[PDB]
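The structure appears right after this line, and notes come after that.
Virtual Cβ from ideal backbone geometry, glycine too; neighbours counted across all protein chains shown. Every read-out reported here was derived from the displayed coordinates using simple, explicitly stated rules and does not represent laboratory data.
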Ligand SMILES: CCCCCCCCCCCCCCCCCC(=O)OC[C@H](COP(=O)([O-])OCC(O)COP(=O)([O-])OC[C@@H](COC(=O)CCCCCCCCCCCCCCCCC)OC(=O)CCCCCCCCCCCCCCCCC)OC(=O)CCCCCCCCCCCCCCCCC
Ligand SMILES: CCCCCCCCCCCCCCCCCC(=O)OC[C@H](COP(=O)([O-])OCC(O)COP(=O)([O-])OC[C@@H](COC(=O)CCCCCCCCCCCCCCCCC)OC(=O)CCCCCCCCCCCCCCCCC)OC(=O)CCCCCCCCCCCCCCCCC
Ligand SMILES: CCCCCCCCCCCCCCCCCC(=O)OC[C@H](COP(=O)([O-])OCC(O)COP(=O)([O-])OC[C@@H](COC(=O)CCCCCCCCCCCCCCCCC)OC(=O)CCCCCCCCCCCCCCCCC)OC(=O)CCCCCCCCCCCCCCCCC
Ligand SMILES: CCCCCCCCCCCCCCCCCC(=O)OC[C@H](COP(=O)([O-])OCC(O)COP(=O)([O-])OC[C@@H](COC(=O)CCCCCCCCCCCCCCCCC)OC(=O)CCCCCCCCCCCCCCCCC)OC(=O)CCCCCCCCCCCCCCCCC
Ligand SMILES: CCCCCCCCCCCCCCCCCC(=O)OC[C@H](COP(=O)([O-])OCC[N+](C)(C)C)OC(=O)CCCCCCCCCCCCCCCCC
Ligand SMILES: CCCCCCCCCCCCCCCCCC(=O)OC[C@H](COP(=O)([O-])OCC[N+](C)(C)C)OC(=O)CCCCCCCCCCCCCCCCC
Ligand SMILES: CCCCCCCC/C=C/CCCCCCCC(=O)OC[C@H](COP(=O)(O)OCCN)OC(=O)CCCCCCC/C=C/CCCCCCCC
Ligand SMILES: CCCCCCCCCCCCO[C@@H]1O[C@H](CO)[C@@H](O[C@H]2O[C@H](CO)[C@@H](O)[C@H](O)[C@H]2O)[C@H](O)[C@H]1O
Ligand SMILES: CCCCCCCCCCCCO[C@@H]1O[C@H](CO)[C@@H](O[C@H]2O[C@H](CO)[C@@H](O)[C@H](O)[C@H]2O)[C@H](O)[C@H]1O
């Protein structure tokens, strides 16, 4: 509230300088309202727009013809076997 | 520190083929985008084939190191 | 003279009732007041036997 | 912990790390200068301009 | 692989509407289990023909890669006919909704 | 001052006949009982739900063509009701968009 | 046993499975705090209590944000100003 | 088979490198939370800027532009489910107003396209006799020296 | 032959728990004193304390504007100098005065010292938690400065 | 500093951010003075992305 | 000279970029529980929001 | 059937149907 | 303001924070669905090889 001619974002809209226009719309409005989203537009369906959900579409099906294969295939190890040597695991886990 | 060393080695051996397939592919794509004539293209086809063979070599190396790193006695 | 009103009736004391007809009326009034050539124009629509793909 | 993340796509076939498309306002070409004249070659479908 | 021409002809008959009435009449006194078993048996008959006849017979398309090339060609045809078409449609959709490349835009800066 | 610890305190257990494998092979009967009872309960419930429905459907649509007709009509009715609800919500959304345009 | 390729899982386990007791303790403490809050609410309060909120400082001389209440020096015919 | 493998040595649940071990590891990561959808308090971390989300929104709003509604969904996710009274910074406010302006222009001018709004479509309307001319040279501005 | 008549599954559970506890005591007794005490009491205790404090209390990163306002930590050990960005865990009832005293070691603090978050000054008779909730939501970085003006 | 006397538009382009921060602080001060709070909902089932992750408490 | 403009930029799809749409996507459609929830609230006399009061 | 004669080991492991009991036990978090 | 230190005792949260980052960035989105399909495929291949 100090530099009015230099701070136009805090100034009234040009329709306010015009001296002409149940309940009526306000006569005085500022440009600082542009810094708010729901100043002029309504807040309708504000907290209900993230609730419109749609399901995924992936199908987990792939025929598994094993009659074509006669050899084994390599397989990964995902976790260490804690059912054996459980008490020493923190002590031998760092080795190889 | 051994866990960090091991994970670094594992990730490098796992991404080696991805690198060979992606970054060298980008280089080949640059060359394709820039080249127009026929002699250079004739000579560059062989570079592409060499990249094929190199990708397969990297895949073999990664398979070897991964079967070494994911082999457990018990 | 203390209030910014044209008349003394400030509207009903209860909210409206949900009505497809009232919604259509308000939407048509807003469209007429805006007068925007370009509303409802669809430059590209997903090709399908269905009129509205998706919605 | 309040800044948002950029989408991640990585595979043997495609990725989203070799380029940057920019923001919604400040956009930029994802392909670099050497391959911009050959953009057609990096597409499965291409619909040209009207002129 | 084999009988691609017969498969095209089957698709044609299927799209022909008169065949829809013919199938409606044939479905009188019929069960879903029977239909499913018949289709599964047809597919098995095709694959069994392949498995048996590949041992002694060679098609006009025989090549040093065998049926692998025919299967790759089937896959590539499916790809270019269906998936690339869907990609074209999705591209036009994205270009009308956000602009070209709109699905790969960075998040709004904070 | 000598050894204070026994050998089993250090040496690892047998590789193929170990504590956990023996324990789980001993628990196998109880686990079989438990999981079989649970699965039987679930299956009996699902069957009690499915038998009457399949009967009521076949009693009125005994043929494949009739079953297909009923399935298609069900799909169409579901889609139509969903479309009614969606039309209402779309009218709301259209009003909001018009107010944004007005702003 | 283990291997270099299992370094991720080994580290994760070693650093996480010891935290499960603490996680369960935190959950139990939260349950007990909720129980005490609900018992206090049932007993009665001058101003309301927000259950799922971190802190509730409101009383007869304090706002719901830790500041003194305005216009609370006198008494009101309708009772509490809230 | 899966049940029998549990009592065999080195094949209990996800331990080992058997197929049953792979299946149990898959079920374990499914039973975990890491692959479940994010909550509303976290949607705007990744999901609202996602290609799948954008494409789905565009597809299920056939002839519309959901940029503005996405901005508003972000505002919601940050205000109503995370507790932020000021969700938008200056950049986000500018983006919202940019999308609002684009909506206005699109509904005002029929067929407006890229140079003025971020939008491209192929089936355009042309006059019939389209003239092609060279643009005028850039205006000479006065300069010192 | 599963189960016995007259015995209860709860009695079986009790017996099993007794067996487990006895085995644990035996294994702890026949173990190295160099490793067992540590691995069983000191690492669990520290991990428990850290996790509980992090998941229950709420912390703030404290900074100070100028070096002349730094406290005097020359006497106390393990911290002979102030470092900005320090994580400080507090209770929900803590005020700005209590925070200031905790920072300056219950000793005479400088004059006109005040706390700010995201550029917004706090009152001294204000709850830190609520003031942060109001001014800097989910950005608890506090700054101590001198307000002469 | 931006010389708004002779470049008002250019300077406002720089200072509107501090104006916006002042606006926010005004609202915050008002809501602290007049006790304004809201009913927060219960904690979400996946508040933590990973069980081993710490859930840092925020006021 | 702004309405009915020509295609100024090219439209394309980069190789192997995903689409995330199945073959029944066109038959798929959206839905919100808000209308049904409002009906149920009105029928069961559940707490109304204050926006009902002008 | 009574509580005691149900939770007796013999009847609990031989003749009883512990399906519902163990299902309730597994789903306890849901009910809580 | 970005020199936000933290107690050295919180280094135990290393793997927790790593997994949380990987979850918020990859696992709980479409790339995470692809990773889940990759795990299912590992199971598929193991079963195929056994048979
Ligand atoms: C040789 C192998 C066999 C070949 C034949 C296979 C094809 C059979 C299908 C034939 C029917 C086609 C329909 C024609 C009528 C016009 C409609 C139309 O075509 O639009 C569809 C589409 C374009 O659609 P659009 O432009 O978006 O507009 C409307 C939409 O389509 C539609 O509107 P919408 O979006 O609203 O609809 C949504 C929804 C509607 O549909 C649905 O919702 C569900 C539909 C699924 C129904 C499932 C069956 C129901 C079963 C019920 C019973 C169950 C129990 C019994 C069964 C148990 C099973 C064990 O989804 C769909 O649309 C599904 C459409 C599927 C398209 C066909 C996909 C196959 C592509 C070609 C594969 C080629 C393979 C390799 C060939 C190798 C040859 C060398 O175009 C095509 O699909 C083209 C088909 C071309 C067939 C080519 C056959 C090979 C010929 C080779 C020629 C050589 C040159 C080829 C180049 C490569 C050479 C190497
Ligand atoms: C355009 C090509 C590019 C396509 C799109 C790009 C796709 C790339 C992916 C490629 C994937 C390929 C799919 C591999 C899966 C296996 C397919 C397979 O082996 O069986 C195919 C299938 C053979 O069925 P099959 O189960 O082996 O039983 C054979 C019969 O028993 C009959 O027994 P047969 O002993 O009497 O004869 C056996 C066989 C003999 O096949 C051969 O050995 C080829 C004979 C000539 C040697 C040189 C071939 C290349 C240059 C000449 C042919 C140009 C067309 C390209 C043909 C590519 C296939 C080799 O018959 C044929 O396949 C006839 C194919 C030639 C039809 C020519 C139609 C001309 C119309 C187009 C205008 C001219 C071309 C325009 C320029 C195109 C440049 C790309 O061939 C058919 O298309 C059946 C046609 C049924 C009548 C349809 C109504 C007439 C429409 C004519 C077009 C038919 C579609 C062909 C589209 C290509 C022409 C536009
Ligand atoms: C070298 C490496 C080795 C090591 C392996 C390392 C990797 C290990 C890990 C595993 C890999 C994980 C990697 C991460 C994956 C993430 C990416 C991803 O998955 O999606 C990407 C990719 C991205 O697509 P997008 O654009 O993002 O769209 C995503 C949508 O969600 C999806 O798009 P969409 O929904 O549009 O596509 C689905 C598509 C296909 O969907 C299906 O078809 C459903 C699947 C059913 C399969 C069973 C039916 C088989 C029937 C065969 C009978 C043919 C006749 C027999 C002829 C014999 C002689 C040849 O639908 C259609 O195109 C139209 C078909 C509609 C009808 C389907 C329902 C009816 C089925 C019955 C036919 C009835 C026809 C009646 C006609 C009407 C008459 C009135 O997704 C896809 O492309 C999905 C389709 C992929 C198909 C690939 C084609 C090759 C399949 C073979 C694979 C290898 C086989 C191995 C041997 C086993 C077979 C023998
Ligand atoms: C801050 C630090 C951050 C650091 C980074 C951190 C990173 C994050 C955290 C990471 C944590 C680690 C997590 C693990 C890593 C994650 C990896 C991951 O999730 O993947 C994501 C990533 C994908 O994620 P995305 O976001 O969706 O990427 C974009 C899409 O992928 C784009 O899709 P697209 O447009 O490119 O389309 C691709 C297309 C690709 O489709 C194809 O490639 C299929 C082509 C088949 C052609 C021939 C088919 C013949 C069959 C005919 C059947 C009968 C006729 C029926 C006719 C209809 C069917 C044709 O669709 C598919 O991918 C289909 C996949 C589903 C089917 C899988 C089939 C597996 C079969 C395996 C067979 C095993 C045989 C063993 C025999 C051993 C030898 C004795 O993975 C990929 O790289 C995708 C490509 C994967 C390669 C699959 C290739 C399979 C090819 C099998 C060929 C078999 C032929 C064998 C012949 C040899 C014997 C003669
Ligand atoms: C809830 C989710 C669980 C899912 C994952 C777990 C797998 C699901 C299957 C159920 C798991 C439990 C299987 C137990 C099998 C053991 C049966 C058995 O007979 O064991 C021998 C015991 C001892 O029997 P006994 O020695 O007294 O008499 C019989 C003697 N013999 C065997 C020689 C004939 O029998 C029992 O009393 C029943 C014990 C099982 C009941 C308890 C379940 C254990 C799991 C909880 C662990 C914590 C215990 C403390 C609980 C305190 C409760 C307040
Ligand atoms: C989805 C999750 C799947 C993963 C599985 C998650 C659940 C299972 C995870 C288990 C894996 C981790 C297990 C590591 C265990 C290591 C702990 C340990 O063994 O301790 C080190 C010590 C080390 O002993 P050590 O040093 O002599 O020898 C260790 C190994 N070497 C020889 C190589 C050095 O182990 C013990 O000796 C005791 C272990 C049993 C006691 C366990 C703690 C409870 C003790 C309570 C009794 C207290 C009595 C107090 C009496 C005081 C007066 C005497
Ligand atoms: C090329 C090298 C690649 C190596 C990468 C492999 C990563 C392997 C590490 C993953 C396993 C780590 C074990 C973590 C256990 C943590 C301790 C624990 O027990 O916590 C249990 C906890 C479950 O708790 P809740 O979520 O609360 O359950 C709620 C039920 N509704 O477990 C989990 O969270 C699951 C953890 C998921 C790990 C991340 C999954 C990564 C996907 C890997 C598969 C892709 C292929 C990987 C390559 C294979 C390499 C052999
Ligand atoms: C996780 C890592 C391992 C997996 C690797 C995944 C694929 C790697 C991506 C391709 C690497 C090369 O990528 C190539 O260099 C950079 C990538 O930013 C881009 O280059 C572009 O961005 C950089 C920004 O750093 C600019 O300096 C440059 O002027 C511009 O042309 C090129 O357009 C791209 O072709
Ligand atoms: C002996 C005490 C009981 C021991 C058993 C403890 C089991 C507790 C773990 C169950 C899962 C809890 O997970 C989560 O934590 C607490 C309840 O605990 C709830 O948290 C929410 O409600 C509680 C009420 O109790 C409030 O104090 C809290 O402010 C709020 O965030 C979440 O709604 C719940 O989803």
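Residues that are within 22 Å of residue H:85 (Cα to Cα) and not in a helix (DSSP H, G or I): does region J:9-32 have at least one?
Looking only at region J:9-32, we keep the residues that are within 22 Å of residue H:85 (Cα to Cα), and these are J:15-32.
Among the residues that remain, those that are also not in a helix (DSSP H, G or I) are: none.
No, the conditions are met nowhere in region J:9-32.
Among the candidates G:2, G:45, G:62, which residue alone is away from ligand 2 (no atom under 16 Å from the Cβ) and surrounded by fewer than 13 Cβ atoms within 10 Å (Cβ to Cβ)? Don't jump to the end; show me each part of the working.
Numbers: G:2 fails: surrounded by fewer than 13 Cβ atoms within 10 Å (Cβ to Cβ); G:62 fails: surrounded by fewer than 13 Cβ atoms within 10 Å (Cβ to Cβ).
Just one listed residue meets the conditions, G:45.
Filtering region E:1-40 down to residues that are closer than 20 Å to residue A:68 by Cβ and surrounded by 11 or more Cβ atoms within 10 Å (Cβ to Cβ), which residue is nearest to ligand 3 (Cβ to nearest atom)? Please lay out each step first, then the result.
Of the residues in region E:1-40, the ones closer than 20 Å to residue A:68 by Cβ are E:1-2, E:40.
Retained after the next criterion (residues that are surrounded by 11 or more Cβ atoms within 10 Å (Cβ to Cβ)): E:1-2.
Working: E:1: 5, E:2: 7 Å.
The selected residue is E:1.
Give, as residue ranges, the helices (runs of 4 or more DSSP H) completely inside region E:1-62 that count at least 3 residues that are within 25 Å of residue F:62 (Cβ to Cβ). Spell out the reasoning first.
Numbers: elements: E:4-15, E:17-26, E:32-53.
Helices (runs of 4 or more DSSP H) meeting the threshold: E:17-26, E:32-53.
Condition first: under 23 Å from residue G:16 (Cα atoms) and buried (at least 17 other Cβ atoms within 10 Å of the Cβ). Now tell me which residues in region M:18-34 satisfy that.
To start, the set of residues in region M:18-34 that are under 23 Å from residue G:16 (Cα atoms) comprises M:18-28, M:32.
Correct list: M:18, M:19, M:20, M:23, M:24, M:25, M:26, M:27, M:28, M:32.
All but one of (1) surrounded by fewer than 18 Cβ atoms within 10 Å (Cβ to Cβ); (2) part of a helix (DSSP H, G or I) hold for residue H:104, so report the exception by its number.
(1)
Hey, can you tell me all the residues within region D:8-41 that are facing chain B (nearest Cβ under 8 Å) and either under 14 Å from residue E:103 (Cα atoms) or within 10 Å of the chain's Cα centre (by Cα) (or both)?
Matches in region D:8-41: D:15, D:18.
Considering B:24, B:4, B:65, B:44, which residue is within 16 Å of ligand 7 (Cβ to nearest atom) and either within 14 Å of chain D (Cβ to nearest Cβ) or touching a helix residue (DSSP H, G or I) at 6+ places or on another chain (Cβ under 7 Å) (or both)? Show your work before the answer.
On the way: B:24 fails: within 16 Å of ligand 7 (Cβ to nearest atom); B:4 fails: either within 14 Å of chain D (Cβ to nearest Cβ) or touching a helix residue (DSSP H, G or I) at 6+ places or on another chain (Cβ under 7 Å) (or both); B:44 fails: within 16 Å of ligand 7 (Cβ to nearest atom).
Just a single option satisfies the conditions, and that option is B:65.
Look through M:41, M:20 and report the one residue that is near ligand 3 (Cβ under 9 Å from one of its atoms) and either assigned to a helix (DSSP H, G or I) or more than 28 Å from residue H:19 (Cα to Cα) (or both). Spell out the reasoning first.
On the way: M:20 fails: near ligand 3 (Cβ under 9 Å from one of its atoms).
Of M:41, M:20, the one residue that is near ligand 3 (Cβ under 9 Å from one of its atoms) and either assigned to a helix (DSSP H, G or I) or more than 28 Å from residue H:19 (Cα to Cα) (or both) is M:41.
Would you please name the residue that is farthest from residue A:31 (Cα to Cα), looking only at residues in region J:1-21 that are touching a helix residue (DSSP H, G or I) at 6+ places or on another chain (Cβ under 8 Å) and surrounded by 13 or more Cβ atoms within 10 Å (Cβ to Cβ)? Steps first, answer last, please.
Step one: filter region J:1-21 for residues touching a helix residue (DSSP H, G or I) at 6+ places or on another chain (Cβ under 8 Å), giving J:2-4, J:16-17, J:19-20.
With the extra rule that they be surrounded by 13 or more Cβ atoms within 10 Å (Cβ to Cβ), the set shrinks to J:2, J:4, J:16, J:19-20.
Working: J:2: 21, J:4: 18, J:16: 11, J:19: 12, J:20: 12 Å.
Per the stated criteria, the residue is J:2.
Hey, among E:84, E:94, E:108, which residue is assigned to a helix (DSSP H, G or I), away from ligand 9 (no atom under 16 Å from the Cβ) and within 7 Å of chain H (Cβ to nearest Cβ)? First the steps, then the outcome.
On the way: E:84 fails: within 7 Å of chain H (Cβ to nearest Cβ); E:108 fails: assigned to a helix (DSSP H, G or I).
Answer to the selection: E:94.
Going through A:13, A:23 one at a time, which residue ends up being surrounded by 12 or more Cβ atoms within 10 Å (Cβ to Cβ) and farther than 22 Å from residue H:93 by Cβ? Reasoning before the result, please.
Values: A:13 fails: farther than 22 Å from residue H:93 by Cβ.
Unique residue meeting the criteria: A:23.
I'm trying to understand the selection: among the residues of region H:107-123, which are crowded, with 18+ Cβ neighbours inside 10 Å and either under 19 Å from the mean Cα position of the chain (by Cα) or farther than 21 Å from residue K:11 by Cβ (or both)?
Those that are crowded, with 18+ Cβ neighbours inside 10 Å and either under 19 Å from the mean Cα position of the chain (by Cα) or farther than 21 Å from residue K:11 by Cβ (or both): H:107, H:117, H:118, H:119, H:120.
Which one of these is over 19 Å from the mean Cα position of the chain (by Cα), buried (at least 17 other Cβ atoms within 10 Å of the Cβ) and under 24 Å from residue J:26 (Cβ atoms): I:147, I:126?
Values: I:147 fails: buried (at least 17 other Cβ atoms within 10 Å of the Cβ).
Sole residue among the options that is over 19 Å from the mean Cα position of the chain (by Cα), buried (at least 17 other Cβ atoms within 10 Å of the Cβ) and under 24 Å from residue J:26 (Cβ atoms): I:126.
If you go through region A:52-85, how many residues are within 16 Å of ligand 6 (Cβ to nearest atom) and either within 30 Å of residue E:44 (Cβ to Cβ) or loosely packed, with under 13 Cβ neighbours inside 10 Å (or both)? Spell out the reasoning first.
The initial filter retains those residues of region A:52-85 that are within 16 Å of ligand 6 (Cβ to nearest atom), namely A:77-85.
Pick out the ones that are also either within 30 Å of residue E:44 (Cβ to Cβ) or loosely packed, with under 13 Cβ neighbours inside 10 Å (or both) and you get none.
Of the residues in that region, 0 qualify.
How many residues does region H:4-36 contain that are assigned to a loop (DSSP other than H, G, I, E, B) and surrounded by 15 or more Cβ atoms within 10 Å (Cβ to Cβ)? Give the derivation first.
Pass one, region H:4-36, residues assigned to a loop (DSSP other than H, G, I, E, B): H:8-18, H:32-36.
Remaining after also requiring surrounded by 15 or more Cβ atoms within 10 Å (Cβ to Cβ): H:9-18, H:33-36.
Count: 14.
I'm told residue G:64 meets every condition in (1) more than 16 Å from ligand 7 (Cβ to nearest atom); (2) more than 17 Å from the chain's Cα centre (by Cα) except one. Can you identify the failing condition by its number?
Residue G:64 satisfies all of (1) more than 16 Å from ligand 7 (Cβ to nearest atom); (2) more than 17 Å from the chain's Cα centre (by Cα) except (2).
Considering only region A:58-93, state which residues are at the interface with another protein chain (Cβ under 7 Å from one of its Cβ atoms), within 11 Å of ligand 4 (Cβ to nearest atom) and over 17 Å from residue H:20 (Cβ atoms).
Matches in region A:58-93: A:58, A:60, A:62, A:69.
Each row is one residue, and each column tells you yes or no for (1) in contact with a strand residue (DSSP E or B) (Cβ under 6 Å, 6 or more places away or on another chain); (2) under 29 Å from residue I:1 (Cα atoms); (3) within 14 Å of chain L (Cβ to nearest Cβ).
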| residue | (1), (2), (3) |
| --- | --- |
| F:8 | no, no, no |
| F:24 | no, yes, no |
| F:35 | no, yes, yes |
| F:56 | no, no, no |
| F:66 | no, no, no |
| F:70 | no, no, no |
| F:88 | no, no, no |
| F:102 | no, no, no |
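Keeping to region L:11-29, report how many residues are under 18 Å from residue F:31 (Cβ atoms), within 11 Å of chain I (Cβ to nearest Cβ) and in a helix (DSSP H, G or I).
The total comes to 3.
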